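One chain comes next, on its own, written out as structure tokens in the form deposited in one PDB entry.
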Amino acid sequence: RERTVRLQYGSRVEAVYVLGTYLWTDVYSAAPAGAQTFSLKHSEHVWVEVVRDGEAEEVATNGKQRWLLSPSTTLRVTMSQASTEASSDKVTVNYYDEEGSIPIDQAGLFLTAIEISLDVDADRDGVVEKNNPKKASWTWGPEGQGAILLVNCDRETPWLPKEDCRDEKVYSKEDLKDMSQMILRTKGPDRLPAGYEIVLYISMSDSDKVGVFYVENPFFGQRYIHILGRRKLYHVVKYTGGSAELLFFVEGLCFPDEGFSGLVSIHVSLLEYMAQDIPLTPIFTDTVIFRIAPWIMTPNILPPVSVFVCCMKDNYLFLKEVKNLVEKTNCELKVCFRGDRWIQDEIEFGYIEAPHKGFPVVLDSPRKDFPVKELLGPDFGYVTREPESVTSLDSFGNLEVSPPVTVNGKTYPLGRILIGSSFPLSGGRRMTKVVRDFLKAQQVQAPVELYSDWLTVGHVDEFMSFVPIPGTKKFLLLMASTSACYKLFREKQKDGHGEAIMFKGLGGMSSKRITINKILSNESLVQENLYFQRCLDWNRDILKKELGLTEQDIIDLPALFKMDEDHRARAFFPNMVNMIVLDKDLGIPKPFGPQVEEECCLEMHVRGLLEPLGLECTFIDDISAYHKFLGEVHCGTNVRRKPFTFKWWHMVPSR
């Protein structure tokens, strides 16, 4: 940048020069009236060019050369190194009139060069490079640049309830590891010249998006000063001479959302004191941008780490069988004895990542009159959105995400978020706008709405799931299918099994004596399920379109529903599609289907679909402890997974 500095008639001008700029200097205005020509001298480390109407000529430190005084004849002044105490950096201009070669007057510019750079890791390698020329912009993609900031939503110490970003204080040194580094690098003499100061600042708007800390090491121990953030928009910096660095730590206070893109900026300015009651003049300003990292969901294809399970203390079979399942894997089991399903419905495990750090972050379902904060801890973060009135579609059983897909040649390397909804003109239920807006604003999972509102509870996880295909990079969509169930039952009936009984061993179902015959004869139930199959098929088509799937990528699992007064579906027998996926190993809800040759024909049918693909099936009984099944499951599971290997910032989301 070129900066304007005029010589003053006829008084000396003293100026700070900031490296990486240069000055254009008017010598004409300072010339006494009548003066004809000028000459100049300058010191060793000041470079001076005479520019006569666009044409620039370098000038020696002490020459005798003279030029005609003209408004279009000016100086360009450059310095390549900061001043020291040994410095006298100056330019002096002499003026002459027509008669005689002795100067009639002189004007001069005394300069103090300093280096000022606000530096961040914009090349995203975790170390803070010196003055990245792109540090003031933020670009997506493999070739993209600009610095990344985490929302500091975890909690370092248990003694306080709230996440670390809720206040202006830092207690634990460990907190700083969650934070991005920003360094103010300076070089100069012992002191700034009289009337200058260096100031860091942010906008009022960004003041609830960030906080910035300085670490001091005084006598009695380390301390962390919050210098920018809520109710602090600027901070006057103490200047140290020589080559100096001030290290700052930056935290994000909130995720991208409706009305907040995720971009924030921090400035440093050299300000010049003019006089009392006059604002200070920014002489030089340097800017860095951060993008706050989005919250990202993990699909079922990612490696499992921890299986979280909730259930009543005495459901023994569930616990034994889940423990057995997880023992086949390298996962940890965590058990808790909020709704009965709350672990599945009230929380979603995502993560956040920056080049320096990442941790899992729990999303909490909208209020359940009380928030679930109990999982908040070190490197396990929390976030929530508070509405609009909440419906069953706001539960996170209604929130899932696909494996990475490519659609019409557009790649979605993090998969796509899926949420159940109702038809546009239906006047049906829909997830609250506040949560939908949140998921959309994260941008990197490009959410798709499915149709879940034909279900009483209304959750996409009632009808669909994804599983990896072992020994490959591929995956399958699993879809509930009533037609598969009817086909299977009609076969078994034809085979002479019509009297085969379901719900065997559930004592509270026994008096119903439900058989294949009894099911197939129920005419209204047949019509209800043909209609439910239309709802499933409408979803199938959306998924195929928005995920770029073919029929080869889909397996249909038999399912059956009963209709309520709102013409919405609830499971007739447990929905097998909502299953625990740990790589090749699948916990599948035990269906309690008709027994043929002392095996459940639904279990055998599901094994016949999945086992040839190398998937290993374990059926998990969560209903026996209740003696019957009315369409509700009383247990829940949630799997916490490793983040994607692909870095979110390498994605290029649509405008």
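Here the rigid core means the biggest group of C-alpha atoms that line up within 1.5 Å when the two forms are laid on top of each other. The first residue of the shown sequence is 1; numbering continues from there.
As for the form deposited in another entry, it is not shown, yet the points below apply to it.
Here the rigid core is superposed between this form and the one not shown, and of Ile227, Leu280, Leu476, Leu450 the C-alpha of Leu280 is the only one to shift by 2 Å or more.
Residue displacement note: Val127 has its CA displaced by under 2 Å between this form and the one not shown (rigid core superposed). With the core held fixed between this form and the one not shown, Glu98 has its Cα displaced by under 2 Å.
Annotation for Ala194: C-alpha shift under 2 angstroms between this form and the one not shown, rigid core superposed.
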